[PDB]
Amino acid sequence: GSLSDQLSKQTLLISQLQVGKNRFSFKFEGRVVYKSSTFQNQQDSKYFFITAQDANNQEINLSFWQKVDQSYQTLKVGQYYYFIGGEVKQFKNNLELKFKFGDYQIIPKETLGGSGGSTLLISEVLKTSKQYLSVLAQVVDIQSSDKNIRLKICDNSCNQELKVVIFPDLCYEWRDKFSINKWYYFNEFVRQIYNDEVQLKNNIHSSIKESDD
């Protein structure tokens, strides 16, 4: 089930998909050309769908019925991904890929083979020259604005606080969801320098997860 095992699987174009293939016997490369809203009727059964384009400029509908929130945040129009674990299913004269089991994988092609999500420590972060990294740190200061959140994060390997800037797209979904002294994973941020003090910044690939501890 390793990532490298999943990337092993044969890549297929829309014209090659068959209903009789096992959901995990292939992987599909797709460019997101359209992303719907999340739909919600019931106390908890949200869905959404995207339109993905392949290398023949053909387009196919992908529906997501589980792990909806995470996947909705991952998928951005314009980006290329590998999708693994979807059921090829008939869609009225068409085929579609249907993601229902919550063990499917959406792998962004761009960050493929990078240490961006390597999850190091603040004192380390403040020492290492990577440009993309991830910290499990604690929020000790919050300056929240119209379009931008400035944080100061700290950890137990230093007495220094790290400065973190969060920009439009990702900040909206976080404007007042930060708690002081709570613990968060800052995945795939951008090491950067202003005043020979080192800001972390987010970009299109960044994510944030609240350590449940």
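One rule holds for the numbers: they count along the sequence shown, beginning at 1.
Averaged over their C-alpha atoms, the temperature factors of 201-209 and 187-195 are higher for 187-195.
The deposited model assigns a higher average Cα B-factor to 153-161 than to the other stretch when 153-161 and 48-56 are compared. Per the deposited record, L121 carries the highest C-alpha B-factor of all listed residues (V88, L121, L75, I84). Among the modelled residues of its chain, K109 has a C-alpha B-factor that falls in the middle third according to the deposited record. Annotation for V140: CA B-factor lies in the middle third of the chain's modelled residues.
Ranked by C-alpha B-factor against the other modelled residues of its chain, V125 falls in the highest third. Sort the chain's modelled residues by C-alpha temperature factor and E29 lands in the lowest third, per the entry. Sort the modelled residues of the chain by CA B factor and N181 lands in the highest third.
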